[PDB]
Amino acid sequence: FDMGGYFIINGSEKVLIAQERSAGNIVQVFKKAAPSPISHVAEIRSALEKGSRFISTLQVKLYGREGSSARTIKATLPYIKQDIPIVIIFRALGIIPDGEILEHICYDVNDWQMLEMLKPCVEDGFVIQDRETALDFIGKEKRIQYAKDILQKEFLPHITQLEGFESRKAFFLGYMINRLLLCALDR
Amino acid sequence: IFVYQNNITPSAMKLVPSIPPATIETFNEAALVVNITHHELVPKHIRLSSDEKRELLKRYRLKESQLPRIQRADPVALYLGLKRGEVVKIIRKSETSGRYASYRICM
Amino acid sequence: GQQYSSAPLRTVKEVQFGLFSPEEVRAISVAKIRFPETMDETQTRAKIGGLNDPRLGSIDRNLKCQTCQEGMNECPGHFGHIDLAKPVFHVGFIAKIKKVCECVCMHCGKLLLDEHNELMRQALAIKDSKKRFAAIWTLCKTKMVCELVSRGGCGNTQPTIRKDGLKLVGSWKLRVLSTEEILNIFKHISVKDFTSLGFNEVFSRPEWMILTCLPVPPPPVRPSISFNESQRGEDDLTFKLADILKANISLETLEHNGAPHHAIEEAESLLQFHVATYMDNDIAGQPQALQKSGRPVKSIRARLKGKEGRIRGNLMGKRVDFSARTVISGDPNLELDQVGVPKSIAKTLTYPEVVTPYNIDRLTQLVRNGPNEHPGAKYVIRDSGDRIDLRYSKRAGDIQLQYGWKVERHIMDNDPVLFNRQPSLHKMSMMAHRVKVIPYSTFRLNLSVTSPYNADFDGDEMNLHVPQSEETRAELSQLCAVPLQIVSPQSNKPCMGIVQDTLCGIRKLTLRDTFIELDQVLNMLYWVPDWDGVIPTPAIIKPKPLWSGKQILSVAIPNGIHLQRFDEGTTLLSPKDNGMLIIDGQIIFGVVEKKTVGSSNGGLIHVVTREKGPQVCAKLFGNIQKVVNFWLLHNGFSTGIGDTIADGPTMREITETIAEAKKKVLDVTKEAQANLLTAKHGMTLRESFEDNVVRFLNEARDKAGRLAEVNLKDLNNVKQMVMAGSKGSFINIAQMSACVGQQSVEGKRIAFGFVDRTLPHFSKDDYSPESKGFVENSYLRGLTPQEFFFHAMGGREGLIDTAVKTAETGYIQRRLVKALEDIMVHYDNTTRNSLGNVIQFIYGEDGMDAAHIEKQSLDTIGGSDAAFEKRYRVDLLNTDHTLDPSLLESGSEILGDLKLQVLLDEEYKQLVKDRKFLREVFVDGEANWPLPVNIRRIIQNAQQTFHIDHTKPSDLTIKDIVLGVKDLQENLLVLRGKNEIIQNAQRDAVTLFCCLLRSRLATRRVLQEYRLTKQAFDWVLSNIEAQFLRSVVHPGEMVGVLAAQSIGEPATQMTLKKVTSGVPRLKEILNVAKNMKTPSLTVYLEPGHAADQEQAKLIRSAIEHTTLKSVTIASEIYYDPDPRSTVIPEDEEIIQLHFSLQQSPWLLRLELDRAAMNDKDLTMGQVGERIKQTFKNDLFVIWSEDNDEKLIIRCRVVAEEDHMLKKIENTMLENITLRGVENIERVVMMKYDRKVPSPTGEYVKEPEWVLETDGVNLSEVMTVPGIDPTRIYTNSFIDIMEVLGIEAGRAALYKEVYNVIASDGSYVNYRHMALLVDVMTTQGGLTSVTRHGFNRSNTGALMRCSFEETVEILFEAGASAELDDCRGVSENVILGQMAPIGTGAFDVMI
Amino acid sequence: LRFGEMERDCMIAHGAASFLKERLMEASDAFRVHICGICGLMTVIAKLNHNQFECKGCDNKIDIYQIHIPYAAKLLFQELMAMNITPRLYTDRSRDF
Amino acid sequence: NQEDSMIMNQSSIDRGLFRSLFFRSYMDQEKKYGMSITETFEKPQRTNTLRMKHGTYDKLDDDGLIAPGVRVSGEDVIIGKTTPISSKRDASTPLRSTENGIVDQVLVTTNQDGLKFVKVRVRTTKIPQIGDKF
Amino acid sequence: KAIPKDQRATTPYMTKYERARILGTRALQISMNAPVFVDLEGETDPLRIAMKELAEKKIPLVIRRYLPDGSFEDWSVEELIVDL
DNA sequence: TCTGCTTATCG
DNA sequence: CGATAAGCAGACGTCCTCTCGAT
RNA sequence: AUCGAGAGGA
Ligand SMILES: [Mg+2]
Ligand SMILES: [Zn+2]
Ligand SMILES: [Zn+2]
Ligand SMILES: [Zn+2]
């Protein structure tokens, strides 16, 4: 009648028990708090699951409550100094022009609520309009490569760590932004 | 007693202790629209003198440090204008004796 | 004491803390330390001179302390010391050292700001050492100048001193720093200067904050044993004393030669590091571990920490000798205060008994019996330190018992033990019991002593504790005995009542069909232990001598007991046998239930405890049980499953009830689906639906339950257990036979865990009852699968709520006890504490112990003025309103006597003064109140024991009654002082009781109703006076602890509605909560007008905050450059209406819905003027009329304006205000009932409109006109502390605590809650029960140790050099002394 | 068996002072120590059987007093002494003046 | 049968209703620090062997342990071994002062590191007494 | 540092704590077989002997009731009233 | 889950 | 440069009976 | 015997 499933170790039949953890590599949107600057956060926890624990927790937050009109959106990065604006991230990737960015975030050009919600990020990234400069913000002229390293070998590793794919990370970040804004609209 | 109609600056409350005696009492107007002592939960506080206070301090074997204290910012301490350590009697009504004397010193 | 000396046994009185001067520890220490090796290369008996050997003692337990030379037991351990060269910081003081440098410029060596500065007299003159520091350091936090306003002193700058890790450096204006510099500037700092910082010239000087040489603890702080003899043994502390020393050697290596840039500080940093972590492991920075792995370190602090540390766990409580523990079982044939003690346990515990002529015979016999025969003894002690071991000794039978010898005899029958049940919530859980040695290994209990312990007999184990001296068994017998604790100070009621089988069968026994024959009655009679032996005459004789249960039961009730009680339908003939009448200890009518014997307030236990005494009542417990148990034994009682089966017609008739509920829910659903749900005020169109449908289903459930309950015959066993209140409630019947009802998670319907459905066997967006957690079936009917799952969700929430609220409750009691502890009535009957600060001047405001108080009425308060007139009026000068000569010997002898009517009108005058005075306090009209002497139970105790003739006249004159009453009040005493203050306080203390006294001892009353005589009246006077003098509290009574418990035990039973109710409310009330989850206002109407719903709606419409944002459908910006012609096709008429007799061309249009403009009556003109008033002349604003179809507001500003318009709109949606108060959020009009005096005198209840709000800004809410600003109530007591003074905050706080407690149908007597509220209130403003709320006081450092922060308090007391008078409990308990508490309040001598 | 502070509360509410000292000294750890009337700490060397008592660092050899405290309290005071805090124990509440 | 308690039929119990077997399996092994010293299973001497358990060794054989079938009660030494130090010193293993029964059996077998190691199983019948939880 | 035997304010009735301390001290004296001051009607339990001497008030002791200001007042067990 | 150091905003 | 008002890091939620591993 | 974890009972 014995069922097995245990390990005899120095006499005692020790048992491994099941452990519970939140699933990796999935898009979650949690509102931070009531009295906080951040009103919304898009988290994704990322590990390769073939390699052991390239733990990367990406937070794409949003600033300002319902009353504040400065709805600037930033995002965090592994090994980075602090949370940088999203348009600078897109210019770091293959997408320079404002509005081609929008095609990665908003999937119906007749959704003026979500479109209008996005305007202040463009002004946060008005002061950057080329790729070479987008990596340059990230921090002595090697920083760009450093940035690209963070963009390839650290940031969003649950896609890949090859330099060839940056459109995938771009569309996926746009999907994260879509989820975040779609929650912020109360939909 | 200075009744101001809206509010004062920090430089206006910087001269309250200016004149050594005769100290000035700065009161708002929205506070004095309604009498707080007319609310049911507020009893009839009663000032007393240094002689009545000394009678309290000897007929109870008490040092000043032992009285249930009140503060100069207390609304009914303002209402009666309590100075440093001016003691009050408080006639409280309760379910047990129906009358109880409380004594309060002014911190 | 294990020897004698030419030294006296002194006691510890005051304890002075401080710091170790290095100059001192160098001398106090017996020996140095030279090197770190704990053991020896030779590894011999000595360990080496280098560490913990030389004249410090050793481990072979024989004669090993070099210094003491008195062995291993009498060696305290004579401290050693290191003499390290480089001084470093003491981690406990790090913040303080930072602050001390802030007040002295480095080159000065003296304070920053002198007495010349007048911005110090408000602060330096505090003279309260460590309170001053908090302000005077902030004064000195940022001054960089150190030199007429310029006197002698240096002028150099000093850095804005910052710290990182374990050191501190900072920029002067850019700089570095060192440790020796800090020590240097403190030896140079003057004597008078640090004394204002909170220091002492000899006990703690800041030069000793820095440690030049640390002391080493003796070996008794370093144990070492091992399983293997041939190996090492070491305590954890030694490892790192040796680590510190190893660091002390690195520095000598770097001393012998040069030290490069790293060797400069890398060695000193780590040396101070190891000293730092010697004292502490957790600094929220570097975490570190010992060589042996497992994050292990000394962290001496953590020795003393909360959970299981030294102070909170080894001094507040100890593993103790003479202790026991086992499972429990209830034995009816045990008496109440008896305890069943197993034979093996009584064969193990010993009481040392001294030899004296009366016990020497039995003591000799006990020695003869020895340890394994039960009435024996384990040891015998001679007149020396020589023990005799009876279990194996040669002379075990050859004993010569000299006098004064000690025999450690076995615990004997009928001795005092202390019985405990964990958790010890209140002091009825630690009670002295009388031993009875029984077999079978289980502690035996009386049945009716379950309740004060809260123990079932399902395994709940209990403890037993045994005294060791005569004084302590006396203290148990006379203070802690169970019969004493029968009636309890908390709830002013008894805690022990007849329970569960006795009680279940008592109702069966006292029915009107319950008849008993002779053969049974005889056994019942002999069963009662203390009875005369006289057979009662059978109530019925006629064909067969039979007996009633009331008859043979009244044999258990002692004569002289009288009891009245009335219920619904209780005439003087009770046809449903309702209520209860008892006279002379005999039952006259009624059915006996929980109301009469179930530990009730006005119950036979509370009656017999006071009248007869405690012993008679404790014996009464057993005397009732032994009869009723028996009658149940031979009559029997069961409970089947047919007890839940109701009629086929009934069971069907509840299902149609659920069916009509389903019709109702479906109809309201189809209504809401058509947008026709006109959601009422302040509630969502969804919240309306949820609340309404939940109401529907709960009403259907209650209807089905009470439709089943009506169908339970008088045979149904569940009904008969509910009937006595044995163990049963209504809802039990409802869920088990009708319908369990509706489950709920987080105070709401079942959740939408799946997207738009509740379970994947349902469609989407199903808001139906079955889909939302309603169970149409009952436990008997059988729950379906989905229903079982939803029930499981609800039950799991119930389980976690229990497991969490119990933990919170225990924390509540911990804080409460540690706060109120040592609030003890002093000898002047004045509630006080250690310091002596008065909390209450009169305990409970009357000086009366809560045990003797009883709920009695005052007939004066209620009733018409005409009914009051019929009483108490004595118009001798009238033919009709005089005492008829039928009632008095001199009835017509004093008719019209003037000199008597003087006193009689004086009596009526003070009666009327009394009525108005009492009506002025108790404005509800409630007369039933706790009063210290039960007068009616005296009157029946005089109408009985004096055999009054109810037709003859009395023998007292009016003079007698009136002056005797007036002289009785002169001798009812609480305080005995000799001067006016204390006499006024005594008058005030007995005021209310005198009101009751005259209410019941009036001339008309005494002579018409009571029909008293002179002899019995004088008896009644003496009796009332004596009972009163008995009811007064005793000095030494610790009511602080008792009050904390009297709040804590009820809080345990508070398991669970628009407000924060119950335990969360209590947690925020006690923590005084700056922000609360349910703030509210209770708003009362005009005194003249309180029933006009028009003005109620008006006030509601003038208080509810309204933002323009709350009505704006759309805010849109247009380009419209030429105003006379707009671009919008439905706007040109509005612009044409500006004809009646320059801009920016950037329009701002706003569109508002018409619904919210009508939900709160609103016009376009009002909103338009509010916008115009906000922007006074910086915005042109027009609008469309109310009569239109689309409400629109248009605005224009009066280069670079593409962006500077939107921010105006943003401030125009947030910082606007319409008609409303700032913080208010909603309001509801509700009609309250209100008892009020009708003109003719009677108290009739009137209805009045009251407004309940969300949020509070009372400071200007009360000023709002049209309301009663003499009544308006804010549940937030914290705002009421700020608005209406403090004496109103005390009252609001007590009201909140009350409503918390009494929301569970509970009752705690006013004393304890009022004491808690006071103790928080007396310290200036509101004081919370937290680590920083009350423990922030200056009570005593050792007293503060017992609560959360321990080494923080100890360090601050050592720095500030506090002084502990050791006049509180925890102080003495730390040093194990008889605290001046209870028995210790007073000294005894010749 | 543990005598928890939850039980000390109940043994305070009843008023059993001597029972509490019993169950916190005699029925548990208890200890006799020698205290210097000048120092105030457990410094005095107690070599009994000859009435030899002295306090190093304070020269006291006549003004010494014995006391009764829990050994846990002696341990606490010792750990404080090793932590540089001096909980001076004085025999009378009256200061000299 | 008050407060969630019950009564059990003693006639039924005496027939064996709700009767239990309870085996406590004690264990030990020697050579705690091998290649320097070595402990030895034996019934020790009372002379120059120091920490002699105050209980009786007289139920122990010369190999230092009991045989199956012996009744044991209280502080009976069940397994005896000594630890030498510079004679032998006691390392015996008594019973639990709370229980009593009969030696069910004994198992003698060396460990992975070759060393004498013993498992002694003691057995007791437990009858439903008056307070046992059900 | 004193008080008079007149001008006393505390309750003349014996508190239960005074009663318990008195009975315990007396029962201790009797357990150590010190001289007893009444006759025993067959009472060997020393606490009950203390209670007998209490009902007779032949226990020569005094209660020094302490006042929070350091004052006190004495009450001989011969003087106090016992209604508990 | 509340507090007591900082830090920069404001007059 | 004397107030004010945001930060951003800080802490604790009775007994008791086994067994195990590894210092 | 010390430490630390886990498992249950109240
Ligand atoms: Mg139970
Ligand atoms: Zn010694
Ligand atoms: Zn200077
Ligand atoms: Zn000294």
# chains A, B, ... in the order shown; residues from 1 in each chain; ligands from 1
$ interface_residues --of "chain I" --to "chain C" --cutoff "9 Å" --atoms "only C-alpha atoms (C1' of nucleotides)" --output "PyMOL selection string"
chain I and resi 1-4+9-10
$ residues_around --residues "residue 36 (chain A)" --least-positions-apart "3" --cutoff "12 Å" --atoms "only C-alpha atoms (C1' of nucleotides)" --output "list in words"
residues 31, 32, 33, 39, 40, 41, 61, 62, 63, 64, 65 and 66 of chain A; 6 and 7 of chain H
$ write_last_selection --atoms "C-alpha atoms (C1' of nucleotides)" --output "compact mmCIF listing (two decimals), in the first residue's frame"
# COMPACT_ATOMS: atom_id res chain seq x y z
CA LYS A 31 -2.11 50.20 -8.83
CA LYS A 32 0.54 51.31 -6.36
CA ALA A 33 -1.37 53.01 -3.53
CA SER A 39 -0.93 55.55 -9.73
CA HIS A 40 -0.34 52.43 -11.85
CA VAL A 41 2.45 49.89 -12.38
CA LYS A 61 4.88 52.86 -13.91
CA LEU A 62 2.70 55.95 -14.40
CA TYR A 63 2.84 59.28 -12.58
CA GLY A 64 0.07 61.50 -11.26
CA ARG A 65 -3.37 60.77 -9.82
CA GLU A 66 -6.75 61.49 -11.43
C1' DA H 6 6.27 66.57 1.49
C1' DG H 7 9.32 62.32 1.62
$ residues_near_ligand --ligand "ligand 2" --cutoff "9 Å" --atoms "only C-alpha atoms (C1' of nucleotides) and all ligand atoms" --output "list in words"
residues 55, 56, 57, 58, 64, 65, 66, 67, 68, 69, 70, 71, 72, 73, 74, 75, 76, 77 and 78 of chain C; 45, 46 and 47 of chain D
$ residues_around --residues "region 78-82 of chain D" --least-positions-apart "4" --cutoff "7 Å" --atoms "only C-alpha atoms (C1' of nucleotides)" --output "CSV table (one decimal) with N, CA, C and O atoms, in the first residue's frame"
chain,number,residue,atom,x,y,z
C,215,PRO,N,34.4,46.5,29.6
C,215,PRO,CA,34.6,45.4,30.5
C,215,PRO,C,34.2,44.0,29.9
C,215,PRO,O,33.4,44.0,28.9
C,216,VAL,N,34.7,43.0,30.4
C,216,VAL,CA,34.4,41.6,30.0
C,216,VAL,C,33.6,40.9,31.0
C,216,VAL,O,33.8,41.1,32.2
C,217,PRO,N,32.5,40.2,30.7
C,217,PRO,CA,31.6,39.6,31.6
C,217,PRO,C,32.3,38.4,32.2
C,217,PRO,O,33.2,37.8,31.6
D,74,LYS,N,20.3,39.2,38.6
D,74,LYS,CA,21.8,39.3,38.7
D,74,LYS,C,22.4,39.2,37.4
D,74,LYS,O,23.3,40.0,37.0
D,86,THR,N,25.7,51.1,34.1
D,86,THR,CA,25.9,50.8,35.6
D,86,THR,C,24.6,51.0,36.3
D,86,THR,O,24.2,52.1,36.7
$ interface_residues --of "chain E" --to "chain A" --cutoff "12 Å" --atoms "only C-alpha atoms" --output "JSON, numbers by chain"
{"E": [27, 111, 112, 119]}
$ interface_residues --of "chain H" --to "chain D" --cutoff "10 Å" --atoms "only C-alpha atoms (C1' of nucleotides)" --output "PyMOL selection string"
chain H and resi 14-16
$ select_by_dssp --residues "region 23-79 of chain B" --states "alpha helix (DSSP H)" --output "PyMOL selection string"
chain B and resi 50-58+75-79
$ write_last_selection --atoms "C-alpha atoms" --output "mmCIF file, in the first residue's frame"
data_model
loop_
_atom_site.group_PDB
_atom_site.id
_atom_site.type_symbol
_atom_site.label_atom_id
_atom_site.label_comp_id
_atom_site.auth_asym_id
_atom_site.auth_seq_id
_atom_site.Cartn_x
_atom_site.Cartn_y
_atom_site.Cartn_z
ATOM 1 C CA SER B 50 -3.372 80.602 44.340
ATOM 2 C CA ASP B 51 -4.934 80.182 47.784
ATOM 3 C CA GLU B 52 -7.536 77.672 46.600
ATOM 4 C CA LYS B 53 -4.743 75.974 44.649
ATOM 5 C CA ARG B 54 -2.507 75.784 47.721
ATOM 6 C CA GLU B 55 -5.458 74.364 49.651
ATOM 7 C CA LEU B 56 -5.695 71.719 46.934
ATOM 8 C CA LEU B 57 -1.959 71.021 47.068
ATOM 9 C CA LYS B 58 -1.942 70.535 50.844
ATOM 10 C CA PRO B 75 -10.098 75.536 23.745
ATOM 11 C CA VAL B 76 -11.723 75.944 27.169
ATOM 12 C CA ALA B 77 -8.370 77.001 28.573
ATOM 13 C CA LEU B 78 -8.520 79.821 26.027
ATOM 14 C CA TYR B 79 -12.197 80.422 26.841
#
$ residues_near_ligand --ligand "ligand 3" --cutoff "12 Å" --atoms "only C-alpha atoms (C1' of nucleotides) and all ligand atoms" --output "mmCIF file with C-alpha atoms, in the first residue's frame"
data_model
loop_
_atom_site.group_PDB
_atom_site.id
_atom_site.type_symbol
_atom_site.label_atom_id
_atom_site.label_comp_id
_atom_site.auth_asym_id
_atom_site.auth_seq_id
_atom_site.Cartn_x
_atom_site.Cartn_y
_atom_site.Cartn_z
ATOM 1 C CA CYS C 101 28.352 67.160 18.539
ATOM 2 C CA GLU C 102 25.601 69.370 17.109
ATOM 3 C CA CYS C 103 25.494 71.470 20.301
ATOM 4 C CA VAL C 104 29.258 72.093 20.598
ATOM 5 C CA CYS C 105 31.541 73.582 17.974
ATOM 6 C CA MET C 106 34.665 71.485 17.748
ATOM 7 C CA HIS C 107 37.242 74.139 18.584
ATOM 8 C CA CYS C 108 35.039 75.779 21.234
ATOM 9 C CA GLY C 109 34.432 72.843 23.526
ATOM 10 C CA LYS C 110 31.343 74.651 24.830
ATOM 11 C CA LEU C 111 27.692 75.071 23.921
ATOM 12 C CA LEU C 112 26.647 76.875 20.756
ATOM 13 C CA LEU C 113 24.044 79.214 22.266
ATOM 14 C CA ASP C 114 24.640 80.796 25.674
ATOM 15 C CA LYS C 143 23.742 77.008 13.845
ATOM 16 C CA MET C 144 27.215 77.406 12.330
ATOM 17 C CA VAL C 145 28.329 80.543 14.208
ATOM 18 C CA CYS C 146 30.055 80.201 17.574
ATOM 19 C CA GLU C 147 31.295 83.776 18.121
ATOM 20 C CA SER C 150 29.507 88.256 20.537
ATOM 21 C CA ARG C 151 31.480 87.082 23.585
ATOM 22 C CA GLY C 152 34.482 84.880 24.310
ATOM 23 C CA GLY C 153 34.654 81.723 22.222
ATOM 24 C CA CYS C 154 36.103 80.281 19.061
ATOM 25 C CA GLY C 155 34.760 81.132 15.636
ATOM 26 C CA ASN C 156 35.613 78.215 13.370
ATOM 27 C CA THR C 157 32.980 76.453 11.290
ATOM 28 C CA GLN C 158 31.768 72.904 11.975
ATOM 29 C CA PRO C 159 30.304 70.355 9.552
ATOM 30 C CA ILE C 185 35.971 67.670 22.859
ATOM 31 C CA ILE C 189 33.378 70.320 27.474
#
$ residues_around --residues "residue 46 (chain A)" --least-positions-apart "4" --cutoff "10 Å" --atoms "only C-alpha atoms (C1' of nucleotides)" --output "ChimeraX atom specification"
/A:23-26,53-58,155-159
$ residues_near_ligand --ligand "ligand 4" --cutoff "6 Å" --atoms "only C-alpha atoms (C1' of nucleotides) and all ligand atoms" --output "PDB file with N, CA and C atoms, in the first residue's frame"
ATOM      1  N   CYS D  36      28.198  46.881  47.251  1.00  0.00           N
ATOM      2  CA  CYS D  36      28.956  47.961  47.866  1.00  0.00           C
ATOM      3  C   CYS D  36      28.053  49.162  48.105  1.00  0.00           C
ATOM      4  N   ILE D  38      28.913  52.114  48.361  1.00  0.00           N
ATOM      5  CA  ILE D  38      29.452  53.267  47.654  1.00  0.00           C
ATOM      6  C   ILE D  38      29.391  53.067  46.144  1.00  0.00           C
ATOM      7  N   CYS D  39      29.922  51.944  45.653  1.00  0.00           N
ATOM      8  CA  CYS D  39      29.812  51.625  44.234  1.00  0.00           C
ATOM      9  C   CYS D  39      28.356  51.467  43.823  1.00  0.00           C
ATOM     10  N   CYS D  55      35.383  45.961  48.498  1.00  0.00           N
ATOM     11  CA  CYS D  55      35.006  46.440  47.172  1.00  0.00           C
ATOM     12  C   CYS D  55      36.230  47.054  46.511  1.00  0.00           C
ATOM     13  N   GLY D  57      38.099  49.192  43.632  1.00  0.00           N
ATOM     14  CA  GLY D  57      37.716  50.414  42.959  1.00  0.00           C
ATOM     15  C   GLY D  57      36.931  51.404  43.789  1.00  0.00           C
ATOM     16  N   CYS D  58      36.558  51.060  45.021  1.00  0.00           N
ATOM     17  CA  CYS D  58      35.889  52.000  45.907  1.00  0.00           C
ATOM     18  C   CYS D  58      36.399  51.944  47.339  1.00  0.00           C
ATOM     19  N   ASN D  60      35.776  50.158  49.720  1.00  0.00           N
ATOM     20  CA  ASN D  60      34.784  49.810  50.730  1.00  0.00           C
ATOM     21  C   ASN D  60      35.113  48.462  51.357  1.00  0.00           C
TER      22      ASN D  60
END
$ interface_residues --of "chain C" --to "chain A" --cutoff "12 Å" --atoms "only C-alpha atoms" --output "PyMOL selection string"
chain C and resi 1109+1203+1206-1215
$ write_last_selection --atoms "N, CA, C and O atoms" --output "PDB file, in the first residue's frame"
ATOM      1  N   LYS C1109     -16.533  69.393 -10.611  1.00  0.00           N
ATOM      2  CA  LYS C1109     -16.029  68.191 -11.262  1.00  0.00           C
ATOM      3  C   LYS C1109     -17.039  67.057 -11.211  1.00  0.00           C
ATOM      4  O   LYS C1109     -17.064  66.209 -12.108  1.00  0.00           O
ATOM      5  N   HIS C1203      -0.903  76.482 -24.225  1.00  0.00           N
ATOM      6  CA  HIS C1203      -0.740  75.606 -23.075  1.00  0.00           C
ATOM      7  C   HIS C1203      -1.246  76.208 -21.773  1.00  0.00           C
ATOM      8  O   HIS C1203      -1.642  75.462 -20.878  1.00  0.00           O
ATOM      9  N   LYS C1206      -5.136  75.231 -20.300  1.00  0.00           N
ATOM     10  CA  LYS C1206      -5.557  73.949 -19.747  1.00  0.00           C
ATOM     11  C   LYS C1206      -5.399  73.908 -18.231  1.00  0.00           C
ATOM     12  O   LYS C1206      -6.221  73.304 -17.534  1.00  0.00           O
ATOM     13  N   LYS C1207      -4.348  74.535 -17.703  1.00  0.00           N
ATOM     14  CA  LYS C1207      -4.146  74.530 -16.259  1.00  0.00           C
ATOM     15  C   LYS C1207      -5.257  75.281 -15.539  1.00  0.00           C
ATOM     16  O   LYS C1207      -5.605  74.935 -14.403  1.00  0.00           O
ATOM     17  N   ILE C1208      -5.831  76.298 -16.183  1.00  0.00           N
ATOM     18  CA  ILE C1208      -7.018  76.945 -15.637  1.00  0.00           C
ATOM     19  C   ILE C1208      -8.159  75.943 -15.528  1.00  0.00           C
ATOM     20  O   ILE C1208      -8.856  75.889 -14.512  1.00  0.00           O
ATOM     21  N   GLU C1209      -8.347  75.113 -16.557  1.00  0.00           N
ATOM     22  CA  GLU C1209      -9.377  74.080 -16.498  1.00  0.00           C
ATOM     23  C   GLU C1209      -9.087  73.072 -15.392  1.00  0.00           C
ATOM     24  O   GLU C1209     -10.006  72.601 -14.708  1.00  0.00           O
ATOM     25  N   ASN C1210      -7.812  72.742 -15.191  1.00  0.00           N
ATOM     26  CA  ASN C1210      -7.446  71.766 -14.170  1.00  0.00           C
ATOM     27  C   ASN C1210      -7.752  72.295 -12.775  1.00  0.00           C
ATOM     28  O   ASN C1210      -8.357  71.598 -11.956  1.00  0.00           O
ATOM     29  N   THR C1211      -7.340  73.532 -12.485  1.00  0.00           N
ATOM     30  CA  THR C1211      -7.710  74.144 -11.214  1.00  0.00           C
ATOM     31  C   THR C1211      -9.204  74.409 -11.122  1.00  0.00           C
ATOM     32  O   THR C1211      -9.732  74.519 -10.015  1.00  0.00           O
ATOM     33  N   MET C1212      -9.890  74.505 -12.256  1.00  0.00           N
ATOM     34  CA  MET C1212     -11.327  74.711 -12.299  1.00  0.00           C
ATOM     35  C   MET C1212     -12.109  73.420 -12.123  1.00  0.00           C
ATOM     36  O   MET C1212     -13.330  73.469 -11.956  1.00  0.00           O
ATOM     37  N   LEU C1213     -11.448  72.270 -12.170  1.00  0.00           N
ATOM     38  CA  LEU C1213     -12.115  71.020 -11.825  1.00  0.00           C
ATOM     39  C   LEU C1213     -11.747  70.500 -10.443  1.00  0.00           C
ATOM     40  O   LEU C1213     -12.547  69.786  -9.836  1.00  0.00           O
ATOM     41  N   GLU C1214     -10.570  70.843  -9.921  1.00  0.00           N
ATOM     42  CA  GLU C1214     -10.157  70.387  -8.598  1.00  0.00           C
ATOM     43  C   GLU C1214     -10.455  71.404  -7.499  1.00  0.00           C
ATOM     44  O   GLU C1214     -11.235  71.116  -6.588  1.00  0.00           O
ATOM     45  N   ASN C1215      -9.861  72.592  -7.570  1.00  0.00           N
ATOM     46  CA  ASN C1215      -9.905  73.545  -6.467  1.00  0.00           C
ATOM     47  C   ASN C1215     -11.158  74.412  -6.457  1.00  0.00           C
ATOM     48  O   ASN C1215     -11.182  75.432  -5.757  1.00  0.00           O
TER      49      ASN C1215
END
